[PDB]
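Computed from heavy atoms alone, side chains included, the values below leave out hydrogens, waters and symmetry copies. Residue numbers start from 1 in every chain, and the chains themselves are labelled A, B, ... in the order their sequence lines are given, proteins ahead of strands.
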Amino acid sequence: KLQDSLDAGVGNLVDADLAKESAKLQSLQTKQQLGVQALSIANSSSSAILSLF
Amino acid sequence: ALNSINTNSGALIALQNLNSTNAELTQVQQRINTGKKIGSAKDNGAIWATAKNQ
Amino acid sequence: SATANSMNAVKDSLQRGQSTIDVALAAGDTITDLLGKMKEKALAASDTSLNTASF
């Protein structure tokens, strides 16, 4: 019983809660796509000046 | 953890309870086989020794 | 945000306390069984019809 409680305690110390990581994963994938889109918007600022010339 | 894939604390407790049941079953099998509730010094040393001398 | 992050240490401490009490309860099962057996020994030894060797 002592060996089982030491192993369960190691699990309390280091194990991930995977049900919570699933939510973090989905939101982070959406954030990465929005960040690529925002960088694409920032890249295009120079093209606006071409119209004046 | 609460939703862990590395550690199953509930399975450890279930294993302990199954081992308890298996030990009780082994004791009852020894009683049925020998016909004795005290068949050796391991069961109850004082009563076993008294019965031996008698 | 820092206050919310520091609750992880609080949870670690409470789980450590539950583990310590689990080990104490596992020892207490042994001790209560031993005490019941000792009560049976003293109860048998208080009978005066026993001979010296049984006592």
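By the 4.5 Å heavy-atom criterion applied to side chains, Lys41(C) and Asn44(B) are counted as neighbours. Here the side chains of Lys39(C) and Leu43(C) are in contact, with some heavy-atom distance below 4.5 Å. The closest side-chain heavy-atom distance from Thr21(B) to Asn17(B) is not below 4.5 Å. Between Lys36(B) and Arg31(B), the closest side-chain pair of non-hydrogen atoms is not below 4.5 Å.
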Practice prompt. Might you work through the side chain to side chain contact (heavy atoms under 4.5 Å, CB included) test for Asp12(C) and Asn12(A), ending with a clear yes or no?
Written response: CA-CA 7 Å; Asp12(C) 270 341; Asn12(A) 294 323; 5.6 Å; no

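Side chain to side chain, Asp22(C) and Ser5(A) fail the donor-acceptor criterion of an N or O pair below 3.5 Å. In the model, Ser49(C) has a side-chain atom that pairs as donor or acceptor with a side-chain atom of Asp47(C) under 3.5 Å.
Side-chain heavy atoms closer than 4.5 Å link hydrophobic residues (I, L, V, M, F, W, Y) into clusters, and following such links, even through other members, never connects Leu25(A) to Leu28(A). Cluster membership check: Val23(C) shares its hydrophobic cluster with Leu6(A), using side-chain heavy-atom separations under 4.5 Å among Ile, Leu, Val, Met, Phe, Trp and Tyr. Linking ILVMFWY residues whenever their side-chain heavy atoms come closer than 4.5 Å, directly or via other members, places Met38(C) and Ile31(C) in the same cluster.
Nearest approach of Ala1(B) to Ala16(A), heavy atoms of both residues: CB-O, 3.7 Å. In terms of heavy-atom proximity, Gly11(A) sits nearest to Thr7(B) at CA-OG1, 3.8 Å. The shortest non-hydrogen separation linking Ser4(B) to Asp15(A) is OG-OD2, 2.8 Å.
Separating the CD atom in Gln27(B) from the CG atom in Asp43(B) is a distance of 7.0 Å, to the nearest 0.5 Å. Between the CG atom of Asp7(A) and the CG atom of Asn8(B) there is a distance of 12.5 Å, given to the nearest 0.5 Å. One distance of note links NZ of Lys52(B) with CD1 of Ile47(B); it measures 15.0 Å at 0.5 Å rounding. Note that CG of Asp17(A) is 11.0 Å distant from CD1 of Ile5(B), once rounded to the nearest 0.5 Å. Note that CG of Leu39(A) and OG of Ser44(A) are 10.0 Å apart. Values are rounded to the nearest 0.5 Å. Taking CD of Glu21(A) as the start and CG of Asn3(B) as the end, the distance is 10.5 Å to the nearest 0.5 Å.
Comment: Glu40(C) does not engage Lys37(C) in a salt bridge, judged by the lack of any side-chain N to carboxylate O separation of less than 4.0 angstrom.
Remark: side-chain polar atoms of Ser13(C) are not paired, donor with acceptor, to backbone N or O of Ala9(C) under 3.5 angstrom. Looking at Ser54(C), its side chain never comes within 3.5 Å of a backbone N or O of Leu50(C) through a donor-acceptor pair. When atom types are taken as modelled, the side chain of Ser40(A) and the backbone of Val36(A) share no donor-acceptor pair closer than 3.5 angstrom.
Heavy atoms of other residues, nucleotides or ligands lying less than 6.0 angstrom from CG of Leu34(C) number more than 12. The 12-atom threshold is exceeded at CD of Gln29(B), counting heavy atoms of other residues, nucleotides or ligands nearer than 6.0 Å.
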